[PDB]
Structures are given as C-alpha cells and as structure tokens.
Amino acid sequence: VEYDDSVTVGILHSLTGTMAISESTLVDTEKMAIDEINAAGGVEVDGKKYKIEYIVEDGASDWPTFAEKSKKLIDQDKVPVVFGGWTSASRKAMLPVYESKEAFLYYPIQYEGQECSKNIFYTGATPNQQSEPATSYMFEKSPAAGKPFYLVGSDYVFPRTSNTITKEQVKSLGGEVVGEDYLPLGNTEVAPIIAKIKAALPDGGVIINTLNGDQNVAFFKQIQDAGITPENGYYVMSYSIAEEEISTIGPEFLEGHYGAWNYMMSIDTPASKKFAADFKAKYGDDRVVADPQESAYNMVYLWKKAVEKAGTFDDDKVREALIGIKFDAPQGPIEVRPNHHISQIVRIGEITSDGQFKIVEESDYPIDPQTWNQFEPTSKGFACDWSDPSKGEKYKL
C-alpha cells in the first residue's frame, strides 16, 4: 500500500499514574483506527493520499502535564488535531491552550457537560446520554427501585458536577440522596465511606460511583469485604469504568453491579463483533473493548471524514466540516451535532460473572446530546450551537 505523503496527529493520554489503568487502552485503540485507515490507503486531500503518523505524549495523570504536552503538540509538532484526555480536570487544563492557540482537541470520555468549546469535539456521553437514564433505571427498574442513593466520587469537577445533576434529578423523581463523599484522585482510604454507606443504607440501595482511575480497585474489593454486595441489596452504578477496568479489578468484585454506556462489548452486531475481534487480533485474545475505547476509535474516523469533506487538514475548516458528519460506529450510527458532541444510543448493563455487560435496557433511537444540563438550575434553558454565529457556546432557548 503506497502513500503520496504523511500527516502527523497528536495522541495525549495517561500511560503512567492513577489514570493509566483507564487511558492506556485508548492509545491502543487510537492506533488501531490509524492502522486501519492507513491499510485502506490513508487520508485523501486534494488528489493525494496521506499516511497518518502520530506522536504519543504521556499526560502522566497530571493536569499541568496535559497542558504542557498540548502546547508541545500544537506549537512544536504542528499537529492538525490531538486525540486526548480522560479526567474533566485534564480537559479543563487543556481547554485554554486549544482555545488561545485556536487548535483542536478530540476528547473521548463520558463527562458532566456544562461545556461547549469551539476548539473541542466530544465522543463521550453527556449526562442525558449516561447518568440521567441510569438514575431513572436504578430508581424505577433495578432491584433497588425506590431505595435511597449514596453518591461517592473522585474530588474534582466531573464527579462533583455529575452528583449536582443527580441530586436535582433524584428530587424531580421524588427519590432520596442519603450521602455524598469525595476522595482525592488515587486515594485508597475508602473505609470511612464504607461505614457511612452501611449506616445510611441499612436495607441496601443505590451507590452512584464516579471514582476515576485505579482507586476503583480498592473501592470494589473493600465494599465486597464489608458485605456491601448485591446479595445484601447494594447495587453500584459506575460511570467512569467499563470492561477494561472490570477485567483488571477482577469480575468477582463487579458481578451484579451496573454501568451506563453507549457502547458495550456484548452488543451483538457485525460492527460490534468486528471491533472486538480486530482489537484481540492486534493486542491478544485476553483484550477487551469498551465505551471509552469505542469513543476514542470513533474520534479518528470522524476526523478523517471531516478532513476528506473539508478537502484540507486545516483545523479551522475541519472543525466547521465536522458538524453533520455521520459514521457507522461499533455502537451503531453516530452523528456530530452543532454542539460538537455526538448522538448515541444509550445502554444500561448488569455486569456478569465474566466481566461483560448484560444489556437490560437500550434507547429506541440515538439520544441527541445536551451539554448544558436540563436538570441543574444554573444551566437549564441554555444550549450550544456552533453552526449559527448568533447562538454559539451558551445561548438561552
């Protein structure tokens, strides 16, 4: 397979520290997308085929390092796009770099919304594509239907914002929140929060888990040892771990708990089966795929389609062309919306003994993403639309 020239893109993920358990597989999956596109002949611009090359930088689970590496990739390496980030902390540190330098970050991870950067595109779930339908499911259909919610997360803007939205949503459903605690990212001192869960949920109930990174390992092992188990009526709905982190922790610790995602490895379609089989072929029979990976995979194809539509790598024109791009993704059909996010089907999953999701609920159509939250009173009635100059980042409906 021959190319006429090459283009270099940036990859920026935590390959070290507390977030490497989550972000490492994103680089594996981004490289799989790149290798696929290259094997099909690369990216066509103005009658030439460009091979996609990459520069991988280690964000090291450190938000200033994410900003510093973004500066390098934009100003030194002159990439037309960076594929990166996980924590909303890492994205918030990056956002002023990509805005001030009018560059382009593609960000794949489920998050709190309340954001619509001109210089960021998003393949992760907004709350109405994850926590909102999850909250309804846990409240109405889970084995802990009608029981109170206890909220536990990492101490930064994603879990705090997610839990603000969940508290407003649970008020609107007529449910109850009986606890809300944060641990520093990476911190494994979970014993005090376990004692509070047992006192606040004496008959069991719903635990909403927004812990990010490897502190999930201690969380799931210690709740089980304390008898906070599905057998005793305790069910954890997690937003920031899926099949990769389930398989690292050990599925014995996750069986009977729940997730809410747009992609799940258990989706039984030719597209989903091909994604899983190609990942295993590239990286080993043991390796899983999952929503974070599928989100990251899609960013590379959406970028490639926007480049070919725009007829250029210029991020100014590609960011304009990207709105309205469609893709037959492993999850099903996605479309980039005026707010820079994607429409996605929503799945609720019950974790099985093998660490896969059994899909217990699925939306009937792709849900259109709301970045400005319609439950949080300070964002309700606002929206984002970058296809209309009179609307933009944040306008009143």
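Counting begins at 1, following the sequence as shown.
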item	value
Mean temperature factor over C-alpha atoms, higher-scoring stretch between 104-112 and 315-323	315-323
Stretch exceeding the other in mean C-alpha B-factor - 371-379, 10-18	371-379
Largest Cα B-factor, entry values, listed residues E140, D291, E244, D214	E140
Candidate residues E361, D58, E30, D62, the one whose C-alpha B factor the record puts highest	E361
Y239 by Cα B-factor - lowest, middle or highest third of the modelled chain	lowest
Chain-wide C-alpha B factor ranking for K118, given as lowest, middle or highest third	middle
Where the record places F275 (Cα B-factor, split into thirds across the chain)	middle
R91 by Cα B-factor - lowest, middle or highest third of the modelled chain	lowest
Third of the chain's Cα B-factor distribution that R160 belongs to, per the entry	middle
